[PDB]
Structure formats: structure tokens, C-alpha cells
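Okay, here we've got a single chain as C-alpha cells, the form solved without the partner chain, with questions on binding and movement later.
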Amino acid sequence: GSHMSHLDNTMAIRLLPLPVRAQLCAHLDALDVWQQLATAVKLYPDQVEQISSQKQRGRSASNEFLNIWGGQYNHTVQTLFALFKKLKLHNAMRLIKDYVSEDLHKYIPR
């Protein structure tokens, strides 16, 4: 699954407040699965280097990741949703649900 014809339109990541995204990046950082994100969307190893080195300085790899995948190529929170579905991170989902379309109102508990 890679093609969807983009039959949907969500708020561009560029709009997503960075200071807010830091909450999720920090969270997933503890899971130590940052590499499962970059590779999941297929990225050049040259870009991964910039992230790895940054993490060495008490930082979050996910933070830098978003700065690249969400600033140079631009995207939407839509694709980000189905992304977490990889490791079945129900937590990460509800973490950034108030930012996606209301069409998500179905899986949410109660």
C-alpha cells in the first residue's frame, strides 16, 4: 500500500505547531523506534545521519525527523495516522487525534 490517490485533505504538517509535536516525538523516543519511522516512509541514509547525530545531544530523533519530512516535502497528519498503525501504537494515535479529520470518530473508545 503506497498509492491512495489522496482522496482526502488534512491540515498540512506545516501548520502543526512544532512545540506541540515535541510531545509525541519525546514519547516515541522512549520506545526507541525512530528508525522504524524514517525507513517506513523510505528515506535517504544521508538524512538519517543528521538525525542520529542530533539525538546524541540529549535530543529527540522524531523531532528532527518531523522537521525534515514535515518542512521540505510537506505532508498531512492523515498519512501520519496510518503510520503508527505499523506497530499498533494505539497510544500515539489518540495522541494526535484532535488534529485529524472528524472522520476518525469511530475507533475512539466511548
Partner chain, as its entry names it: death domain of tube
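Residue numbers count along the first chain shown, from 1.
One more form of this protein exists, namely the form deposited with the partner chain bound; it is left out here, but the text below deals with it.
Taking the partner from elsewhere, every residue among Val41, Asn67 and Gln72 has a non-hydrogen atom within 4.5 angstroms of the partner chain in the deposited complex. None of the heavy atoms of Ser60 is located within 4.5 Å of the partner chain in the deposited complex. When contacts are judged by a 4.5 Å heavy atom cut-off, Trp34 does not count as touching the partner chain in the deposited complex. Using a 4.5 angstroms threshold between heavy atoms, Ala26 stays clear of the partner chain in the deposited complex.
In the deposited complex, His90 stays away from the partner chain, with no heavy atom inside 4.5 Å.
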